[PDB]
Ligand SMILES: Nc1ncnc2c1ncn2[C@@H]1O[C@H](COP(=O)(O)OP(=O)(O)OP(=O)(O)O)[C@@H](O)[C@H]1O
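Single chain ahead, by itself, as structure tokens, in the form solved without adenosine-5'-triphosphate (ATP).
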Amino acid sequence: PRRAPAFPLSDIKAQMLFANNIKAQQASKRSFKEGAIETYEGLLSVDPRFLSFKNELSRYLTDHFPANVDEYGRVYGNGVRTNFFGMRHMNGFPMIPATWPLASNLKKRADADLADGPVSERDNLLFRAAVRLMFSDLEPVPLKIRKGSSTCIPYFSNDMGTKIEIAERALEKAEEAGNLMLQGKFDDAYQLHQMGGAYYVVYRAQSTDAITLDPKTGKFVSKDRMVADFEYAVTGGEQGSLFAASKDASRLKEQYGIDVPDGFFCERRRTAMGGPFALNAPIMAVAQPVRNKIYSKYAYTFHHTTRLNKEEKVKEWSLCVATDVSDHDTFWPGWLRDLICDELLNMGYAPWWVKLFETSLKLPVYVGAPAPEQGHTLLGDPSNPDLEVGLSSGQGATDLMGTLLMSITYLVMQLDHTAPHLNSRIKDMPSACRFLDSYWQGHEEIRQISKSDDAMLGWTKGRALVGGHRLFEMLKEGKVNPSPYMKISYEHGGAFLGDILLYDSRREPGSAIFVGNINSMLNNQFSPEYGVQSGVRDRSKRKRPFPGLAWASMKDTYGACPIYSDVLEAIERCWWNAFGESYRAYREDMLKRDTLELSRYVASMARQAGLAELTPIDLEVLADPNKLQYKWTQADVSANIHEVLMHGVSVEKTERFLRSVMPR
């Protein structure tokens, strides 16, 4: 039922994706790469003392602090949701092979019994009302770009000046490019304006993944991660195979001379994609104003900052249901892209802009290196973008696409199973908009707090409450999917945006508190996704600019966890055993060094200004800016800190661009 076309790197269609420069040519050819990460300056992830430390600590913590999660997935007592074995990976060494991305998810969705469009007129009105509320009265803002981020296809530039030029030129030429695409002239739009081509597939480490200790054998077992081979990916699963990738790390001894202790595995690898920057810039210029609207007008549902900010909302609920979505990005439906585009056209959005947006969600994918001797293949034809990959991670509005799908999916679930008495309020577009506007502000008896695939669904006192309890019971039973749109279950150890919802004996939201996840502290400190990149001179361009700073925000982030002190003492004891040094003194030195280094980057900071004016969010973000891409937003960060990590295109250029896109 239609295999996607595939082109080797030697083909002209793949060659056209890479400009005539060293960086672009190296990106096209990059072979499978692996190696120990520099966890901290002068410390490799595979250092024998470090692995000895991880073995002792993971075993001790699991033993003394077993998971406290009830039958309904609610966390209580110690605030622990699983074992501590997730740290037992040889960081920088991936599972083999990584998956080939699916060119079409239509069969995947159909086989999972998920709908190929809105089920009812009510659902159609609600998805369309989400578009009308999110994209209406937007205000122009500067187009902010992450420092050191790549422009990907075709230039592969990491230079801010070049990126600003590309973005400004893209805002000037988006109209002409969109109009070419409306004529079916995709090759012309790409050749002239670099709008099109493909996503560039990079495989990112998920540094910690599930590991269990079999009591019968005393041997560790890593969670099997299913991967698709090339045949499966091009045929959307009609042909080829879906098999468990190998996480076995024994190979590292033979290949690299690295000692592999018992129960240490290769890391899980996830597909991540980088979009063609010239196509993303006009999308980002609309996406940022949309975020500003939803985080202000609909702050209740969408704007999440601190554990207390989340707590104030949840405490008012009679029932809180922490949901889980299976493989959100790959299941994300192309019919939603089409519905969104159709609704934007109805609202009066520039057709050329809608075409650019539509094209960004149908684009071919260039597969780099999933395994040794594999990859270097373009999936899909850039002359006529027609892929159904789901949601591409590097698309300019991915967070909004996932948020829109999921927010409506959860509301539909609440309507179907708990609140049929609210159906009469959704008769047409004006009434659907009024209802959704009220629901998103937290003014209804059914409520939610969400971000992409993470959410907590709420019920206050009223007619829907009884239904709310039946839905929770249906989720616990796990025999029937409560949604026609996505695969929904309950989260095993309910958490929202990193914070665990800690319940007491009553198991009620009113007396539950949000606490930091102690396991995430351990993941961040001992299993970072990236190395320190000590060879990258400009720290603001690194994946981890100032790692030492996270020590200063630790107490604020994790201090509320019941076992906080216990974990820090266990770390100290185990680090003494492994290195013959104080971990606390080691982190205090790193904190001092990074505080001093930070002042070189902040204009307002004198030669030794200190961290006094910085918030815990500022510190977590400076140590890990990836938190600014999934956890927080621009407004949550101090202005002088945001400038360290981002640079912008003037509001004058974006204001003119936005006026040309938006209705009258």
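The first residue of the sequence shown is number 1, and the count goes up from there.
This protein has a second form, the form solved in complex with adenosine-5'-triphosphate (ATP), left out of what is shown; the following refers to that one.
- Take adenosine-5'-triphosphate (ATP) as it sits in the deposited bound form, overlay the site C-alphas onto this chain, and none of its atoms lands within 2.4 Å of the backbone or a C-beta, so the site here is open.
- Within this chain, residue 60 is remote from the site of adenosine-5'-triphosphate (ATP) in the deposited bound form, having no heavy atom within 4.5 Å.
- Within this chain, residue 630 lines the site of adenosine-5'-triphosphate (ATP) in the deposited bound form, having a heavy atom no more than 4.5 Å away.
- Heavy atoms of residue 268 reach within 4.5 Å of adenosine-5'-triphosphate (ATP) in the deposited bound form, making it an interface residue.
- Shown alone here, residue 346 lies farther than 4.5 Å from adenosine-5'-triphosphate (ATP) in the deposited bound form, counting heavy atoms only.
- A single residue from the set 444, 388, 416, 453 has any heavy atom within 4.5 angstroms of adenosine-5'-triphosphate (ATP) in the deposited bound form; that residue is 453.
- Interface residue among 124, 250, 326, 582, judged by heavy atoms within 4.5 Å of adenosine-5'-triphosphate (ATP) in the deposited bound form: 326.
- Heavy atoms within 4.5 Å of adenosine-5'-triphosphate (ATP) in the deposited bound form are found in exactly one of 574-582, 589-597, 318-326, 276-284, that being 318-326.
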